[PDB]
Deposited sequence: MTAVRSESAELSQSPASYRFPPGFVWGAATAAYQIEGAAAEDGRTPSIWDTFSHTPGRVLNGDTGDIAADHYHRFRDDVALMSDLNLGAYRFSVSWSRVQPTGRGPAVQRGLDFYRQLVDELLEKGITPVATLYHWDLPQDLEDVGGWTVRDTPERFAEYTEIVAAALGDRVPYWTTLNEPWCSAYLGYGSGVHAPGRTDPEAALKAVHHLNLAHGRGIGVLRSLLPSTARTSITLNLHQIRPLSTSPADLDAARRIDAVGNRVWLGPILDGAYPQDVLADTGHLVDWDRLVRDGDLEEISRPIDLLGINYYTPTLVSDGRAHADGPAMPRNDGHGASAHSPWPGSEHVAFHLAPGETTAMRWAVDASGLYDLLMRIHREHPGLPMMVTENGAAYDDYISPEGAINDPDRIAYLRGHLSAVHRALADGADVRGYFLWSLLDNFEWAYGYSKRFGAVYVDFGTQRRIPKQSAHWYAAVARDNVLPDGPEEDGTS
């Protein structure tokens, strides 16, 4: 008996390169993840996004599936290279027509489209001349944003600039396990500021084209960091990780300035005075309408002093938080969701929130009876949705929840070895099969109540 507020948005989320496939069709140039997944030893078993879920060709069936699950909204990504090849020049209408048809198919079924402009699929041609480390990429993102907004502004009421820039910046250029695969602390931090500048400049473009009732937003995988103990050394660890992992986004975007402590922690690795130019923070800190929160597992840190995606805090040790583990070996702790929601409520009482991603990977299999039983995923969702309910009851302004994912997916460096979707996908045949969680989540989206 967990009744949610009236008008609470129930949706599911996907990503362009993760479901679409058709990487080379209709003029789509390769993205940085096309080059990455096609590099030996960068993705498990050499899996690539060439085919993935073949959503480019099967989107009409998937939208009908979304309707069967009583989804109120659907969150997707727009492929930069598919709409604007190379990252410069005019757009290919053939690529734009796919997203035009997808949106129209969603509106016909009564589903609210939620578009993510960038979701780690940078055009390889742009990475070839600097990527997010160079200052021209935010200018290319602005022009690309104008293209998509002009085409879909009339129909899409929710627009997200960036999805999890922490991974794009640090996993892409710091530890090198994602996006282009570079390993350089200075590069990772230049990406941070240029991702912020891209988001900012992207908001300015959106405001000048989309209707005023539409909501702009950015989606952040905000790490919910608990210290291993109350010792001041462990508290500084939590602070360091929060400074370089979270407040490099929350700071400039919401407060209009980088926190002085993260400038100190990383000052030796990058020259902030030449990186941040006059006018950048005014651009980055444009008013936004909504904050997208991605949560999966808490972060447990301690003072480790006795290639890293945390520049300046390599001495911080990380630990597996207690509780059950998903197939990702991630801790299952719904309190982290509550804490993360309450933090933003306490620190930013006027900023509405939506859980743009939340899910879990498990060893899903088709039984000889044709059933895919995932009670652990139901348990996970029931747990974490209680946290949202409890946060809501305690004053948190949570407007929507999006399950990751709608389909089994190309889980980046894990390839297809990890299944997050509520709908099973047999990649051999592309058959869609609803899991036990799909029936459970459909009742939630239909009744606005937790069974």
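- According to the record, C-alpha coordinates are lacking for deposited residues 1-16, 323-339, 485-493.
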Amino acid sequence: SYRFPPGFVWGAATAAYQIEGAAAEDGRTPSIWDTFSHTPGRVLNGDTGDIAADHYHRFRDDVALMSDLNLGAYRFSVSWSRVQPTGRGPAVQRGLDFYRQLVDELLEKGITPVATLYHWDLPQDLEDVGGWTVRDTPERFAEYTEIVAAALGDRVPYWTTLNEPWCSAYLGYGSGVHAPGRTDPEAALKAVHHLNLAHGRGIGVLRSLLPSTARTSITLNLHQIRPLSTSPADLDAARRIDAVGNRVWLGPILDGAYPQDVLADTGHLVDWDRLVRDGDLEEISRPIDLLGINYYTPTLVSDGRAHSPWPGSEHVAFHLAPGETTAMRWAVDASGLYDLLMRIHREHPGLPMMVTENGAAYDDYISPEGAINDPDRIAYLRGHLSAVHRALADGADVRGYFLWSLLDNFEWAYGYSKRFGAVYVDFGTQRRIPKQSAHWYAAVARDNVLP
From here on, numbers count along this sequence of modelled residues.
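- Relative to its counterpart among 51-59 and 400-408, 51-59 has the higher mean temperature factor, C-alpha atoms as listed in the PDB entry.
- If you average the C-alpha B-factors over 172-180 and over 89-97, the higher value belongs to 89-97.
- In the deposited coordinates, the residue among 84, 229, 208, 367 with the greatest CA B-factor is 84.
- Among 380, 258, 362, 338, the highest C-alpha B-factor in the deposited entry belongs to 258.
- Among all modelled residues in this chain, the alpha-carbon of residue 34 has a temperature factor (C-alpha) in the middle third.
- Split the chain's modelled residues into thirds by C-alpha temperature factor. Residue 376 is in the middle one.
- Residue 284: CA B factor lies in the middle third for its chain, per the PDB record.
- When all modelled residues of the chain are sorted by CA temperature factor, residue 4 is found within the middle third.
- Among the modelled residues of its chain, residue 219 has a C-alpha B-factor that falls in the lowest third according to the deposited record.
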